[PDB]
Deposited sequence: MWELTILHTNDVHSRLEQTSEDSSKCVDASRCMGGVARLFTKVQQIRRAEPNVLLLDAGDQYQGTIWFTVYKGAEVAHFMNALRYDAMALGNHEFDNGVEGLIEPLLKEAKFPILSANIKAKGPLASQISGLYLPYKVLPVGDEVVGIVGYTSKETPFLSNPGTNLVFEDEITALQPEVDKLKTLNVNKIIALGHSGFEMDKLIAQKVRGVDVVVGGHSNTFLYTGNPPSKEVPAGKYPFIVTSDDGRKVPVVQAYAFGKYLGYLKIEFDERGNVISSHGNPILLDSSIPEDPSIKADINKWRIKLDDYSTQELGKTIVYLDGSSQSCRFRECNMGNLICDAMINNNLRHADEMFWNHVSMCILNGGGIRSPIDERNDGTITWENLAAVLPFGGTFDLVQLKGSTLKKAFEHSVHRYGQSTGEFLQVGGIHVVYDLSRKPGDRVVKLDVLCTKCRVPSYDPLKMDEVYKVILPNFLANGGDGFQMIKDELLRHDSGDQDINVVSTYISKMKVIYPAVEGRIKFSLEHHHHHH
């Protein structure tokens, strides 16, 4: 028997410092979690105890906090190198600052292999990018070798900015030839490490002959065996067992997001590289684990440049600003209401008027806590709106807007980002009904009236809606908006609109007030 311990992270999203339990800014240090200093301590503790260890990342280190807005990936390469990661797979967010934003900060400075078997470069780019990322790496682990094959969401061209030179292939189609090449080289222990979501990860495990383990990301999937340690509810056991088509039991793992947990899987292999068994669980990186002093002092050094975004108080909140995924992708969330109210307010002070707002819940990427004397800084807002998008004005038919709201709940319950937050709209859904027929009530704030009031949406009428450019361009499957819109005007930067509105209000208290409801029946 040969035992291997796989340590893994995914969707860290620039949470370099320890955070609050909700992954927003750490205020009460005594109860904070995650961060790279705490992760280091745990990884070192495991490396001391276990002789065969691999520390892996399944992508999306890029984007999420002022660390990335300022260091643009230099903090990733630096701290991933300090933690001595063995390999990383490319995620969609590694392409947000173009291919240039991946090459210079990360690929040239990473001391570990960076992987993706389904990204093929064509034309001019092919020449420069060659060899800076690999389809796989064969890693010596003691007296054995372990092959790692990478993969990246085939949806990255739509989700990010990888450019016209990179081609994204079907993951299973691209992986099988690389795994087969590893098998011809007598590499009998193979890990598929990649960034496509738990559903694709299970398909890779079922279909790619020769894969012993799948380590994934993108879906922020929390898996656990037994009673869980924090607020995340498990989507399945850890590991999740897939029975492959050729009859093998394949463990599939993921470790939520934000560096809150360290994924930990122990695999028992035979002499031919068959998985005899495996077990483990994600480790909660809570205050019980001390932050490594050396890494923490280095974090404090890099933190000095960021304190310019933490000094200006933009305003104050006397309520918890719920920007959590568990709220904003499932029901009315007060952060969504705040952002839509700021969106509506911004245009109603612009010239040449609109009362309605729609906002993809997945575009709200962090809550803000009210306990730090309720202070709101640019840094706090940077984590809520980290993408540098704009809030555009569009003219839509009622029919188009009804289709959008049907799309908002067409596959409800999967923590997908299309669920819409709103302003100037009162929507009622009946989830007992079939996809495409779940909107039971859709009232909107009249525009062609002297006193605004809510009246049923009319399919043949035309409404002006303020929304993110992501939705106006057909993102999150809102193809009907892009295809059926009658007008599209570019708007102001998302973060600046909310920042301006908070400074104007000074004290904010957004509530959940019935803009989105769910019927009984």
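Missing from the model, relative to the deposited sequence, are the ranges 353 to 357, 527 to 532.
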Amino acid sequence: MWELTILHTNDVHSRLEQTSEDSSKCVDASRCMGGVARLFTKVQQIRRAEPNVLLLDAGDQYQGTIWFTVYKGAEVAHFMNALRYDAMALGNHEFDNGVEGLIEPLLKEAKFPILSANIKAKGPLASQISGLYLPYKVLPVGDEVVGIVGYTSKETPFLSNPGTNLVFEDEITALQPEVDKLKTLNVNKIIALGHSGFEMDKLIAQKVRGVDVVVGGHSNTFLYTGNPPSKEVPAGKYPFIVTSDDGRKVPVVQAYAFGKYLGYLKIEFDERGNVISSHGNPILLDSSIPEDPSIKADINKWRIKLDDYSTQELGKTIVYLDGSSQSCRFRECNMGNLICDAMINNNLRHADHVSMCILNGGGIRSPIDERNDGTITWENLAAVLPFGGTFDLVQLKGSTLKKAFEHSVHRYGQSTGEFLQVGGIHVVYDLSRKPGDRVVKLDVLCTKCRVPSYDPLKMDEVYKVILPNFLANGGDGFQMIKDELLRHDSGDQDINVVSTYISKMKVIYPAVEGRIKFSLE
From here on, numbers count along this sequence of modelled residues.
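The mean C-alpha temperature factor is higher for 299 to 307 when 412 to 420 and 299 to 307 are set side by side. In this entry, 444 to 452 shows the higher mean Cα temperature factor of the pair 444 to 452 and 360 to 368. In this entry, the residue among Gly91, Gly273, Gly216, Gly98 with the greatest C-alpha B factor is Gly98. Note on the listed residues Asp392, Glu144, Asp212, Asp286: the highest Cα temperature factor in the record is that of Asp392. Sort the modelled residues of the chain by CA B factor and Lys237 lands in the middle third.
Annotation for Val27: CA B-factor lies in the highest third of the chain's modelled residues. Compared with the other modelled residues of the chain, the Cα B-factor recorded for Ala87 ranks in the lowest third. Ranked within its chain, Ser160 lands in the highest third, by CA B factor from the PDB record.
Split the chain's modelled residues into thirds by C-alpha temperature factor. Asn281 is in the lowest one.
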